[PDB]
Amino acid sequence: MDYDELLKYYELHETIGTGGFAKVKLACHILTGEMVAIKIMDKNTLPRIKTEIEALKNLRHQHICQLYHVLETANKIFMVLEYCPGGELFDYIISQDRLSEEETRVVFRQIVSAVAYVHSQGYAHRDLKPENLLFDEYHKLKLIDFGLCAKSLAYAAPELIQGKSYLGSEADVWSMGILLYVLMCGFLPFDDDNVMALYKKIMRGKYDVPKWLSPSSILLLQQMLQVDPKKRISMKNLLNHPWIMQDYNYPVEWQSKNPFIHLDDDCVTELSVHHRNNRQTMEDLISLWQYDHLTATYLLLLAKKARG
């Protein structure tokens, strides 16, 4: 009976192809009709799951794939998440071969927005890579997989691989430098079929600079891809970096537009018809954010309203 509780709230669709600790099944939320993605972990096949749940309960942002609902049985943990049908950024880059500087900037400012917010909340992602960024129905990016977060070798900073002490924020800035390179080049700056030769290339920090990269793109890459973590650009300076500001003229908006405090009156009203609470009781219950079916219903109604 591992799916009994889940089936009270969701109608299951197909399992999508994945690789790792979890299966991902598509589904729709019965009450709202909204599509969701459900990450399913078999308990006896645990810390990584608990770290991701704790982080996502505390993080809420326009560029972070939203946690709606956590369910647990003796054999499984279910995480109901924001539906991102546009696929991985990794597959998008390959489909385009490489992105122009302009399209890279569109995508990269969204990554900076999410990561700056994560650091502002006291976390470091630690596994930034294009497989961990999914496009939603509005072609906007959503950061996933917070299982390795703190309070993949090709993207790992030299100090992280070496098992040396490090600051999660500096490791994230390095990984963002690798991401920036892959967006504009369509291939990794450090790559090798042999793990030891890749390890050597990362520690050396030397990479090819293709002819299509602009001088400003090259300079930003130099500021992020510094082997010495103390020489890496800070997240604060990345927000208004000249390359980042080119064609925008305003720093990256990293602050969350998705609140914990403010509730949407229309969604509280819609939700209330399914319950037997007075309005104050209903708002107080939603404000507890237990990530139960109530949390899921409220956030999915907010997603439904946002579509217009």
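Take the two forms, superpose them, and find the largest set of C-alpha atoms that agree within 1.5 Å; that set is the rigid core. In case it trips you up, residue 1 is the first one in the sequence shown, and so on.
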Exercise. Could you check whether 224-232 or 74-82 drifts more from the shown form in 6 other deposited structures of this protein, using RMS Cα distance once the core is superposed?
Key: 74-82
Quiz item: Taking RMS over all structures and residues, which stretch has CA atoms farther from the shown form in 6 other deposited structures of this protein, 271-279 or 57-65, after a rigid core fit?
Solution: 271-279
Quiz item: Does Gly20, which is modelled here, drop out in at least a third of the other compared PDB entries?
Solution: yes
Quiz item: Quick one: is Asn132 left out in at least a third of the other entries we compared?
Solution: no
Quiz prompt | Missing residues, deposited sequence, between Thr45 and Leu46 (class: none, 1 to 3, 4 to 9, 10 or more) | solution = 4 to 9
Quiz item: With respect to the deposited sequence, how many residues separating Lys151 from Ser152 are not represented by coordinates: none, 1 to 3, 4 to 9, or 10 or more?
Solution: 10 or more
Quiz item: Where do the C-alpha atoms have the higher mean temperature factor in this entry, in 117-125 or in 226-234?
Solution: 226-234
Self-check item: Mean temperature factor over C-alpha atoms, higher-scoring stretch between 274-282 and 23-31
Solution: 274-282
Quiz item: What's the residue among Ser169, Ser175, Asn132, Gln162 with the greatest CA temperature factor in the PDB record?
Solution: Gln162
Quiz item: Can you tell me which of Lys211, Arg98, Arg109, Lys140 has the highest Cα temperature factor in the record?
Solution: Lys211
Exercise. Would you mind checking where the Cα B-factor of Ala37 ranks among the modelled residues of its chain, as the lowest, middle or highest third?
Key: lowest
Quiz item: Against its chain's modelled residues, does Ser217's Cα B factor rank lowest, middle or highest third?
Solution: middle
Self-check item: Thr104, C-alpha B-factor rank within chain (lowest, middle or highest third)
Solution: lowest
Quiz item: Within this chain, which third does the Cα B-factor at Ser287 fall in: lowest, middle or highest?
Solution: middle
Quiz item: If you rank every modelled residue in this chain by C-alpha B factor, which third holds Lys201: lowest, middle or highest?
Solution: lowest
